């Protein structure tokens, strides 16, 4: 089975093509992770996936989505990851991390606590920053503060520091969060970026924050460990052909700038869209990016059906299959998938104290 073939990128070898994508847990306190995350992540690593990408981890306090978000904006925050990284490695999975800044979508409630911007008089909230002083709208009505050039320099440096910290905590894979309407995505999109300086207007200018951040991170991130990003390549906003063409051009520039793999997603930059949700609906778009940018890709949404993951790999739509919610339902999804696809000794997807009894 294609799903259970190893994958090598730079000096890192994944034992199979199952990636667990970043999934926010909303369980940190002042950015500090705790035994929620330790047990969650170590348990997932033991379930058999080849790569486990830690949830969106804020490069700066105001770049959290919510008061429960993980952070890596100080060395103490970074050191909290060390035992978890070591546990993921002990289980044979590759530890990755997504580093992030929520931009105008920051200062929001947890999804089961309203999912909306935090009220103005709530002591937990904070001012958001963005390319331009324009609200997302809907349940995220707060108008962000327009970033100064010094704010841009500071956030770039925050990404560099975060990557340096991730490296020194022992992560073997990094993902820059340039998707989902957060800060990076919002610099790229004309919907959110109305700047008239070097960071907005033209395609080169809208690309600039993302490319400069990638280049700055590349200076501290080891050349022998995969350097990746998540990026929303279309919005389903009636401008899809134009948007995908620009997004593919940016992917070519990312590749030229050292990006090893792109996690292909949707922008979610604005609320007024019509996304055609369905199982593996991203497969064809990911394939197009892969082909036109000649860059390895992953994508997500509905690949918890093992046959669909297998089909996408066999068709060369993707290089890795990201499986999210199915892993919240069953930490041992990889074992389920191995059984479904007829892998020999499927139970040995799991460690011996489980595998011996399930064979």
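Numbering follows the first chain given and starts at 1.
The PDB entry reports B-factors from which the mean C-alpha value can be compared for 310 to 318 and 324 to 332; the larger average falls on 310 to 318.
Mean CA B-factor, 238 to 246 versus 152 to 160: the higher value falls on 238 to 246.
The top Cα temperature factor in the record, among 283, 95, 103, 92, falls on 283. Residue set 44, 60, 293, 51: peak C-alpha B-factor at 293 (per PDB entry). In the PDB entry, a CA B factor belonging to the highest third of its chain's modelled residues is recorded for residue 347. When the modelled residues of the chain are ordered by C-alpha B-factor, residue 226 sits in the lowest third. Split the chain's modelled residues into thirds by C-alpha temperature factor. Residue 303 is in the highest one. Remark: residue 9 belongs to the middle third of its chain, ranked by C-alpha B-factor as recorded. Annotation for residue 262: C-alpha temperature factor in the lowest third relative to the rest of the modelled chain, per the entry.
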